[PDB]
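1. once you've seen the sequence and the experimental structure below, I've got questions.
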Amino acid sequence: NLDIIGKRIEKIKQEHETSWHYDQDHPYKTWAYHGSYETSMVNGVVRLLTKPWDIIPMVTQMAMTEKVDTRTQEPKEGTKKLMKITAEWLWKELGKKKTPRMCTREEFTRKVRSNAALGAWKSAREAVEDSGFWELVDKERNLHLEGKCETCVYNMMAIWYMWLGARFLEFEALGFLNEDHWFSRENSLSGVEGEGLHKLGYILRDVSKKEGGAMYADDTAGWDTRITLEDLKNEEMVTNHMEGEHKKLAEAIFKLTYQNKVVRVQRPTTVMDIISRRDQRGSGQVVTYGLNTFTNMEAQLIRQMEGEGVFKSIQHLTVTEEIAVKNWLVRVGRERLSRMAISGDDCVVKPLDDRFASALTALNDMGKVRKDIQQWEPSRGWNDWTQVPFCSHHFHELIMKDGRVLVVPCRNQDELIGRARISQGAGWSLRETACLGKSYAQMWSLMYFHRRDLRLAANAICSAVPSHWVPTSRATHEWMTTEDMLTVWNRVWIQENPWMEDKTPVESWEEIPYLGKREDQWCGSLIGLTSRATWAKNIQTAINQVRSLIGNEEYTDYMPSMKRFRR
Ligand SMILES: COc1ccccc1-c1nnco1
Ligand SMILES: COc1ccccc1-c1nnco1
Ligand SMILES: [Cl-]
Ligand SMILES: [Zn+2]
Ligand SMILES: [Zn+2]
């Protein structure tokens, strides 16, 4: 404990030896407390082209603006045995066609020169060019090999930002989980890593085709706060598939950063509290998505075991039950994984039958308490895959004029328009703001083409931003391109779509269908309102307002792609 965190604490104390004090009025009960020292904007391009939404509070309010300090109990021995056996088996299946390996300074740099979230000289782009930086990384690296840590400290402020060296060492040991697609559907059977929002609907419809009960989609209440040290230890078992230096490097990240956290927090009363804890996910973990998917996969298989009566009690797992659990995993494990879609803490399960709905003992004792339902109330499942929520979306089964079947993602249009009106960060030029507006417009044309208001606004934004300006943004992002959007649509929805047998390209946007008008209004369309009919009729005037602001550039008119504007 203090042997593992003291060095980190000792170093921070010394760097602020003039302001250190063991404050007696600290709000921490479940976080160990050590001491203290002394210490959204609106996108105008999108907003000017979505004027009807200026008076919709669900849109406008999105742009305005005690669970971490909690303690989950040690699971019963029967639960701990259920997890350990499932986790050992799960790492084995994930590793059958994948090779754990170290990630490199070289591939780590290709991310810093591509402006990706690293959780980190002025910027990360500077420090990587300097060899003095890497001389410090080696200091720490060598420390980790000697079972010690000095500078890997989390900074509470959405992400816990670290010194660039700690973000590499984490990427070095565990990045393979991310970049080698361990949670791909092909590899993990439950996962959807890299699948893309145009595949999730088809994936849920394939789960629907299985024989069984309702589809269950129970959200966990603060998943990250509910991660036990037993979960963290089952996650560490990935090191059993590793070797040499990699194994030592990964074991250290697990032992010294994950299973013992050190965090520097702000407190207005403004001191920097230095707190520590062994459990929870926290933030700061670059493989949070992957390890959440892993632990959720494990929890959901055990819940499936409980519904099938593979075991009677969580209090003590009997050895006859132990072999039965192992025999279940080996004979039907893969079949039960294929009955799920799991994205981090998010899941959809189509179990063998509806006993799953009241199989709650293991799930509650693992600490994965369901959101907004009494602890022992049975889960309410969905009878129709087109109603199940997943990754903040639902999915419509749309029919093209020619009988081919699109499965399309959808959410409340107020949520889509409200997010596109927001920019994160400072120092945006007009040109940068317009290129972000164009990324949203191209995303809408690819994913939400079936919503009347989003096709029209997306065409208006692409008409209002210079044709050749590149979309920017500080799973799959096929809208991030200057290629023609009809061509990308044909690639994504027809050519590369493994659920479409007939590969005949579409030759115009008018051959690409909308939802029914009533279904469009149900999902938030303003089609039918006077404000929307004025907006639509006078759209060239809004486009010209934004063209005048940006100035004398090469623009294309995309509105004639819509039949009504086509003269
Ligand atoms: C956005 O992801 C990251 C990228 C880099 C470093 C950390 C994270 C992270 N931490 N917790 C969740 O993510
Ligand atoms: C699979 O997710 C990632 C891929 C790449 C980089 C970071 C992440 C991540 N961040 N927090 C969780 O995962
Ligand atoms: Cl339903
Ligand atoms: Zn360290
Ligand atoms: Zn919808």
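-> Noted; the coordinates are in hand. Residues are numbered from 1 along each chain as shown. Ligands and ions are numbered 1, 2, ... in the order given.

2. residue 215 is in contact with residue 351, isn't it?
-> No. Counting by Cβ atoms under 8 Å, residue 215 sits too far from residue 351 to count as a contact (9.0 Å). In this view, the C-beta of every residue, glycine as well, is placed from N, C-alpha and C.

3. give me the element the residue in the chain that ligand 2 sits nearest to is part of.
-> Nearest residue of the chain to ligand 2: residue 289, at 3.2 Å (Cβ to the nearest ligand atom). For residue 289, the host element (DSSP states H and E) is helix 288-307.

4. got the CA coordinates for that helix in CSV?
-> What follows is helix 288-307 as a C-alpha-only set of coordinates in CSV (Å, rounded to 0.1, in the frame of the first residue of the first chain):
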residue,chain,number,x,y,z
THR,A,288,-11.2,1.6,-19.7
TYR,A,289,-13.5,0.7,-22.7
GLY,A,290,-11.8,-2.6,-23.3
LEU,A,291,-11.6,-3.7,-19.6
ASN,A,292,-15.3,-2.5,-19.0
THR,A,293,-16.3,-4.7,-22.1
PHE,A,294,-14.3,-7.6,-20.6
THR,A,295,-15.9,-7.4,-17.0
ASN,A,296,-19.4,-6.7,-18.4
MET,A,297,-19.0,-9.8,-20.7
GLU,A,298,-18.1,-11.8,-17.6
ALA,A,299,-20.9,-10.4,-15.4
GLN,A,300,-23.5,-11.1,-18.2
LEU,A,301,-22.4,-14.7,-18.8
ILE,A,302,-22.7,-15.3,-15.0
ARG,A,303,-26.2,-13.8,-15.0
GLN,A,304,-27.0,-16.1,-17.9
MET,A,305,-25.6,-19.1,-15.8
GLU,A,306,-27.8,-18.1,-12.9
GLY,A,307,-31.0,-18.0,-15.1
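
5. so which elements touch that helix?
-> helix 77-94, helix 164-179, helix 229-236, helix 319-337, strand 340-343, strand 346-349, helix 361-365 (3 or more Cβ pairs under 8 Å, 6 or more residues apart in numbering; DSSP states H and E).

6. redo those as TSV? Include distance to ligand 1 and mean neighbour count.
-> What follows is those, written out as TSV (distance: least, Cβ to the nearest ligand atom, whole Å; neighbours: other Cβ atoms under 10 Å):
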stretch	distance to ligand 1	mean neighbour count
helix 77-94	20	20
helix 164-179	6	23
helix 229-236	14	21
helix 319-337	24	15
strand 340-343	14	24
strand 346-349	14	24
helix 361-365	24	20
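
7. now render those as CSV, adding distance to residue 296.
-> Shown next, in CSV, are the helices and strands packed on helix 288-307 (distance: least, Cβ to Cβ, whole Å):
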stretch, distance to residue 296
helix 77-94, 11
helix 164-179, 14
helix 229-236, 10
helix 319-337, 12
strand 340-343, 5
strand 346-349, 6
helix 361-365, 11
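
8. which of these sits closest to residue 313?
-> helix 77-94 (6.0 Å; Cβ to Cβ).

9. residues of the helix or strand just after the closest one that come out buried?
-> Toward the C-terminus, helix 77-94 is succeeded by helix 105-112 as the next helix or strand (DSSP H and E). Across helix 105-112, burial judged by 16 or more other Cβ atoms under 10 Å covers 108, 111, 112.

10. closest to residue 560 among those?
-> residue 111 (40.6 Å).

11. if I look at the spatially closest residue to that closest one that is not a sequence neighbour, how far off is residue 382?
-> Sequence neighbours aside, residue 118 is the residue nearest to residue 111 in space, at 6.5 Å (criterion: Cβ to Cβ, 6 or more residues apart in numbering). For residue 118, the distance to residue 382 (Cβ to Cβ, to the nearest Å) stands at 38 Å.

12. pick out whichever of the two has more residues nearby.
-> The residue with more neighbours, out of residue 118 and residue 382, is residue 118; 21 against 17, by other Cβ atoms under 10 Å.

13. domain parsing for this protein?
-> 1-38+102-179+228-279, 78-97+186-224+287-386, 394-561 (automatic domain parsing).

14. deepest of the ones you listed, which one?
-> With neighbours taken as mean count of other Cβ atoms under 10 Å, the domains of the chain reach their highest mean count in domain 78-97+186-224+287-386, at a mean of 19.

15. that domain and ligand 5 in contact?
-> No. Remark: domain 78-97+186-224+287-386 sits outside contact range of ligand 5, by Cβ under 5 Å from the ion, the gap being at least 8.6 Å.

16. which residues are in contact with whatever residue of the stretch 1-150 of the chain ends up closest to ligand 1?
-> Proximity of the stretch 1-150 of the chain to ligand 1 (Cβ to the nearest ligand atom) peaks at residue 119, 2.8 Å away. Residue 119 makes contacts with 159, 160, 161, 162, 167, 284, 286, as judged by Cβ atoms under 8 Å, 6 or more residues apart in numbering.
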